[PDB]
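Input: a single structure, listed below in structure tokens.
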Amino acid sequence: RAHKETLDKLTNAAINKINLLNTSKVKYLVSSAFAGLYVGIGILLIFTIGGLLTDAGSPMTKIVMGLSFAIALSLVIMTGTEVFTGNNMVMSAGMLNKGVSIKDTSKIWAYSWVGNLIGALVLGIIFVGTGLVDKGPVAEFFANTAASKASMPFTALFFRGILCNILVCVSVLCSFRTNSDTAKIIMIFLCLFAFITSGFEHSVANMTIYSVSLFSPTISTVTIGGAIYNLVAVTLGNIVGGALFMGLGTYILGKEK
Amino acid sequence: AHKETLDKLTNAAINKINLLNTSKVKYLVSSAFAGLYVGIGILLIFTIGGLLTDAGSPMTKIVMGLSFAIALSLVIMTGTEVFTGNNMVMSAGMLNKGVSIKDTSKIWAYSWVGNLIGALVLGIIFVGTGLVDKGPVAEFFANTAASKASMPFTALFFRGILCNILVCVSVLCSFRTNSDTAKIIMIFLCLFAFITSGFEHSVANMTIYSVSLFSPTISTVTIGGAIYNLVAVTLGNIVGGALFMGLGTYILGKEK
Amino acid sequence: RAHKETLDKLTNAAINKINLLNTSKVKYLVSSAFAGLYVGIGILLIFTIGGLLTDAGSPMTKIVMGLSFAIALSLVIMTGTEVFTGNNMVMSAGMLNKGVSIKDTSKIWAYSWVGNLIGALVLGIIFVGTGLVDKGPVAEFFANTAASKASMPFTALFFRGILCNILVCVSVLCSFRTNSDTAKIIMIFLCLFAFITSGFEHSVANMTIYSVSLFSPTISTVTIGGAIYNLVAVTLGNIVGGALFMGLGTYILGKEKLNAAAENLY
Amino acid sequence: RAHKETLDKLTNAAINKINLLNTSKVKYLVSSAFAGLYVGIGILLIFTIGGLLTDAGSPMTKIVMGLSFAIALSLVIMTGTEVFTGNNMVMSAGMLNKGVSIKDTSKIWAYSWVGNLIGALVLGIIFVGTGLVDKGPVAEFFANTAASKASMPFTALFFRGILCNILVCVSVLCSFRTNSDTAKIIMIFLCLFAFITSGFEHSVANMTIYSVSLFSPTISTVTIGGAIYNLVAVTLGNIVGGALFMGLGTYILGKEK
Amino acid sequence: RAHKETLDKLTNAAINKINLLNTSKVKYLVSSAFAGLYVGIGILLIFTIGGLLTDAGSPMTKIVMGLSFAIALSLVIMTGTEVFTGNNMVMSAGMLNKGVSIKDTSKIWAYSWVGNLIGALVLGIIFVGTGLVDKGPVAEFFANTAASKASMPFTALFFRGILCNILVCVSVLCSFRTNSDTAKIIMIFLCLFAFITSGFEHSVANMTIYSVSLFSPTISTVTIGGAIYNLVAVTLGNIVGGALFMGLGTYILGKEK
Ligand SMILES: CCCCCCCCO[C@@H]1O[C@H](CO)[C@@H](O)[C@H](O)[C@H]1O
Ligand SMILES: CCCCCCCCO[C@@H]1O[C@H](CO)[C@@H](O)[C@H](O)[C@H]1O
Ligand SMILES: [Cl-]
Ligand SMILES: [Cl-]
Ligand SMILES: [Cl-]
Ligand SMILES: [Cl-]
Ligand SMILES: [Cl-]
């Protein structure tokens with residue numbers, strides 16, 4: 001079962017994370033910005049697909065989007081960069097296991113979250129400058145999707161955030177339990193497919209959604225309050241799924257007590 | 001290497017009962033995770049089912065099958081405890097004298113209940129998303145639960161047998177390869193076959209019923225409908241996993 | 001290359017097969033019964049697919065069926081069970097290499113064939129009992145396909161059997177020439193796709209087609225006499241394909257020239 | 001990067017090929033016959049697909065055909081059998097690197113070619129015997145395709161042959177540059193997808209196209225001369241792509257100078 | 001983590017490239033010509049797909065094209081050949097790490113670029129010679145796509161170039177961080193899926209687009225000056241994405257400070 005070995009690996013990763021931040025904020029933030037941008041790249045692609053297929057009235061739209069999102073977290077895992085959603089399980093487990101403090105945990109969460117946002121912001125501006133969202137079905141897909149995410153009840157967003165980060169974090173969990181990089185990507189592929197097509201909410205992906213929506217002059221269905229509204233609810237949900245379910249879960253499984 | 005496989009099944013059976021005797025909390029938490037992991041596969045393919053049924057696609061059941069792999073892949077990759085696979089493992093470990101019938105029924109009971117706890121928690125949180133307040137996906141849960149609860153016992157029993165043959169044989173494959181990619185592929189193929197052919201999985205049905213019982217959508221379900229199905233399918237699962245795969249692997253491996 | 005090493009492996013597999021049989025008819029038939037069952041599972045899957053897409057008039061039908069048949073031989077290989085079709089190459093090669101005898105070989109063929117049949121019969125009974133073949137497009141796909149295979153001329157069935165088992169056996173051969181379990185599954189997937197979609201005939205798989213069809217009470221248009229006819233033609237087909245083509249072929253490729261402890265190449 | 005290692009591998013494979021022939025022509029011809037038939041099996045499949053989908057009026061026909069051809073060269077690589085096409089790169093590089101003579105190379109080309117043809121003749125005979133090409137969309141697909149290939153201008157077949165064997169040989173090249181069988185199969189899959197769907201000409205695959213079309217009693221409009229014409233032009237193109245592009249290219253990269 | 005190890009690897013690859021160029025321009029240009037031709041092979045394929053599916057009015061056209069482009073960078077990685085785009089990250093990182101100089105970097109960029117073009121030119125001549133772009137939906141797809149690429153505003157081309165090479169270079173980065181060839185190909189497949197389908201601009205792929213369009217007598221939409229316009233704007237964007245984002249970024253993560 002290797003639950004102790006697994007918890008031992010998560011504890012080390014938590015430690016390595018807080019060490020990296022303490023050693024160099026610039027390294028930690030660049031890492032976070034890359035992850036934020038890598039996740040956003042998955043959004044650019046599946047929203048392009050969403051625009052193309054919704055316009056055709058395809059029934060496969062949300063299925064093809066889910067199948068196509070794999071790159072988001074695959075890039076993060078293969079580049080070894082810092083993403084807020086994964087850090088919910090990692091810091092949580094390492095903290096319960098006395099590897100790191102609550103303060104360390106807050107630091108890592110806040111810095112990776114802000115760094116992820118910087119990467120989303122950067123990608124958004126650049127994407128807008130491509131003219132790819134000047135007008136047409138892709139722009140319209142950004143605008144409609146952003147508006148629907150911004151107007152869902154808090155409770156619904158919260159609970160979707162929870163299920164989303166159980167899925168993200170369990171695929172990160174899998175990556176700590178296999179030595180086959182191909183098996184890692186596959187599990188990531190399956191988990192992102194499940195969470196996208198099922199309708200769960202990913203805070204870091206949402207940053208790029210609102211980034212593009214706000215920066216684009218052609219899109220005007222949502223405001224910054226809406227963006228912040230959705231981001232807060234979903235982030236809170238993400239934290240609950242990652243730390244309360246996956247982090248506590250893996251702690252309980254591996255703790256020699 | 002049938003002998004070596006039998007030994008692996010036996011050692012796994014021993015670790016299972018050892019875990020339970022050491023910590024119920026750890027055993028049940030492992031079980032609740034597995035029940036949740038399987039349920040997640042159900043959320044995915046019922047979302048697909050809803051979407052494609054609404055559109056009248058003839059591919060509906062085929063896509064549902066192709067998309068169920070995550071269910072058991074997560075269980076295997078996380079090393080957690082699912083009732084279905086435990087039928088073969090404890091059954092073979094028992095015939096091979098690593099564990100007793102008492103241990104076997106303890107494991108089955110605890111993993112079954114733990115799986116259910118996972119299903120219930122998943123159902124609650126999923127209903128809370130608002131994703132099945134109304135529309136084709138909500139309707140797919142209601143209709144699918146109702147057709148499953150109204151099936152004759154015999155039909156459910158036999159579908160339970162074939163389903164767990166498929167689940168247990170993919171577990172067996174996972175014991176006969178060192179490749180995790182090969183493991184996931186075999187699991188993918190076996191789940192594809194059981195979902196699309198129309199076989200019945202007791203743990204997955206737990207999420208089907210917890211979702212339906214928690215959602216405000218008015219089905220024709222009832223708790224007695226769910227229990228009826230779960231009982232018939234569980235017994236079918238036990239026969240397929242213990243009598244076929246369990247006994248079968250003992251016979252191939254037993255250095256007599 | 002590495003044909004001699006492969007030939008030794010085939011030979012060893014043959015020796016182990018007969019050793020096992022001699023040691024335990026029960027162990028051997030149980031292994032064969034699983035394989036028949038594992039192959040049949042593939043049939044239950046692709047026939048469900050066939051039923052669904054035929055009923056919808058989809059042109060993709062036979063393509064999707066072929067793409068979805070991989071589970072059949074993949075389960076056999078990954079479970080190390082005994083399937084008649086594969087045994088045709090292995091026993092054949094092992095014999096030519098002085099490892100097993102014509103006697104041992106016909107025994108394995110007979111025992112694995114009957115064993116595969118036991119697996120199909122059980123699966124058919126169990127499957128029919130699910131109610132999934134009571135009525136509808138899948139029941140009909142079984143009935144119609146069972147009828148078309150049994151009403152086909154012997155020559156067509158025979159040659160279809162040759163090509164089927166060439167593919168089945170070459171995929172088994174690939175599994176002897178790689179250490180990667182994933183490459184094994186992929187190669188099996190490719191070969192089973194080719195053979196199902198192109199329309200070749202597989203004897204063990206046909207055992208499940210007729211078992212489900214004979215055990216089913218949704219009409220007939222069949223006859224256990226029709227099944228036997230098909231099973232016989234296809235089986236002889238599978239035999240030459242696996243033994244005359246793949247078996248002899250691998251022997252020739254791998255037989256060290258210095259032996260020559262009986263025959264000379266050129 | 002390991003170009004010299006690679007050229008050493010090509011040269012050693014070329015030496016092993018001419019040694020096999022000198023040692024045993026029947027072994028060599030049996031190996032070639034297997035290769036010719038393995039390739040032909042790909043044609044039987046994708047022509048069935050071609051038949052089915054052409055009859056459907058589907059725009060995906062040539063795409064699905066391309067994706068389904070991988071079995072052809074995968075079988076050859078995994079069985080270690082002798083196929084003419086790939087032999088163009090291997091014997092030319094090994095020759096340029098002074099491991100084999102010009103005479104050896106032409107012996108290997110002639111024998112693998114005649115051997116491949118023998119494999120295709122056997123397959124086409126057995127295939128017609130199945131009654132699968134007595135009538136229907138598949139028989140027709142065989143009949144039309146054989147006729148369109150035979151009536152093509154020489155220059156067009158020649159250049160198609162070149163690009164086909166660049167793709168065949170580069171995927172044989174990859175097979176020498178990885179120790180992963182899965183990676184090998186994937187590259188063969190991508191390259192065969194590419195050459196089929198783009199419309200390039202493969203001499204050995206054509207042998208099976210013409211053995212079926214000509215051996216089939218259900219009529220057509222090919223003729224033996226038409227078959228020979230296509231085979232000569234495509235074979236010449238295959239040689240140029242494999243030897244002059246891939247062979248010479250890999251020699252230059254890897255040559256100890 | 002292992003950023004430092006990754007940076008040593010890039011630096012070492014940078015050193016190996018400049019050494020190869022100094023030792024033999026021929027070996028280096030031939031490697032470059034191959035890569036340009038390998039990338040162009042992906043263009044030939046996905047443009048065939050584009051013609052077929054556009055002609056049929058399929059809404060899957062752009063998605064199937066992206067899914068089918070993996071062969072381009074897969075060949076380059078697996079054959080170990082020199083492509084300009086990937087060189088933007090490798091050289092810039094190697095140079096920042098003091099392994100190679102600014103002069104080495106501009107020399108590698110210019111030679112790989114020109115080498116890639118030669119490969120593009122050679123492929124274009126030969127593809128035209130196949131008769132495959134004589135008339136019909138595929139020739140039309142080249143013509144229309146080349147025109148639209150040449151008539152796009154500079155800023156749009158530039159930013160598309162940035163996002164394209166971040167995707168190309170990150171897949172090259174992943175290839176440096178795994179020992180699994182299969183995982184390399186998967187990551188390449190994903191990144192190329194993302195960049196094609198999203199609409200980003202690849203300078204080396206574009207050389208074949210204009211190669212085919214210009215050499216063909218039946219295509220009359222673009223002109224040489226148009227190709228140069230596109231190639232300049234896109235090459236500049238590619239450089240920024242590979243060197244400024246990816247190169248500078250992996251240095252910062254990796255630099256033992
Ligand atoms: C939330 C708590 C769930 C606990 C489930 C316990 C189910 C009890 O189940 C019983 O356990 C006994 C030993 O304890 C065994 O001897 C019996 O075979 C078994 O039926
Ligand atoms: C649908 C077909 C999927 C093929 C995916 C192949 C992924 C290869 O993945 C590799 O498989 C090897 C097994 O040989 C393992 O040893 C390696 O650890 C693993 O990385
Ligand atoms: Cl993530
Ligand atoms: Cl399960
Ligand atoms: Cl088989
Ligand atoms: Cl070939
Ligand atoms: Cl590139």
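Throughout, protein chains are lettered first and strands after them, A, B, ... in sequence-line order, and every chain is numbered starting at 1.
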Is [X] close to chain E through its backbone or its side chain, or both, or neither, when contacts mean heavy atoms under 4.5 Å?
X       : value
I41(A)  : side chain
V122(A) : side chain
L53(A)  : side chain
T182(A) : both
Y38(A)  : side chain
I46(A)  : neither
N16(A)  : neither
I185(A) : side chain

Is any side-chain heavy atom of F141(A) less than 4.5 Å from a side-chain heavy atom of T48(A)? no
Count the heavy-atom pairs under 4.5 Å between each of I71(A), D55(A), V64(A) and chain E, then report the option with the highest count. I71(A)
For side chain to side chain donor-acceptor pair (under 3.5 Å), just list the numbers for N116(A) and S32(A), CA-CA rounded to whole Å, side-chain angles, deciding distance to a tenth of an Å, and then say yes or no. CA-CA 5 Å; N116(A) 287 160; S32(A) 294; 4.6 Å; no
Could you walk me through whether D104(A) and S101(A) satisfy the side chain to side chain donor-acceptor pair (under 3.5 Å) test, starting with their C-alpha distance in whole Å, then the side-chain angles of each, then the deciding distance to 0.1 Å, before giving a yes or no? CA-CA 5 Å; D104(A) 298 333; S101(A) 70; 3.1 Å; yes
Heavy-atom distances under 4.5 Å only: say whether [X] touches chain A with side chain, backbone, both or neither.
X       : value
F193(E) : both
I166(E) : side chain
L167(E) : side chain
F245(E) : both

In terms of heavy-atom pairs under 4.5 Å, which option from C174(E), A194(E), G237(E) contacts chain A the most? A194(E)
Quick one: of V170(E), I162(E), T155(E), who has the most non-hydrogen atom pairs under 4.5 Å with chain A? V170(E)
Any donor-acceptor N or O pair under 3.5 Å, side chains [X], [Y]:
X       : Y       : answer
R160(E) : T130(A) : no
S112(E) : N87(E)  : yes
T79(E)  : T81(E)  : yes
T11(A)  : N97(A)  : yes

Parallel, tilted or perpendicular for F142(E) and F47(E), by the 30°/60° rule? tilted
Before we go on, tell me: are the rings of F195(E) and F69(E) under 6.0 Å apart, centre to centre? yes
Trace of the side chain to side chain donor-acceptor pair (under 3.5 Å) decision for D181(A) with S180(E): CA-CA 7 Å; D181(A) 288 348; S180(E) 170; 6.0 Å; no
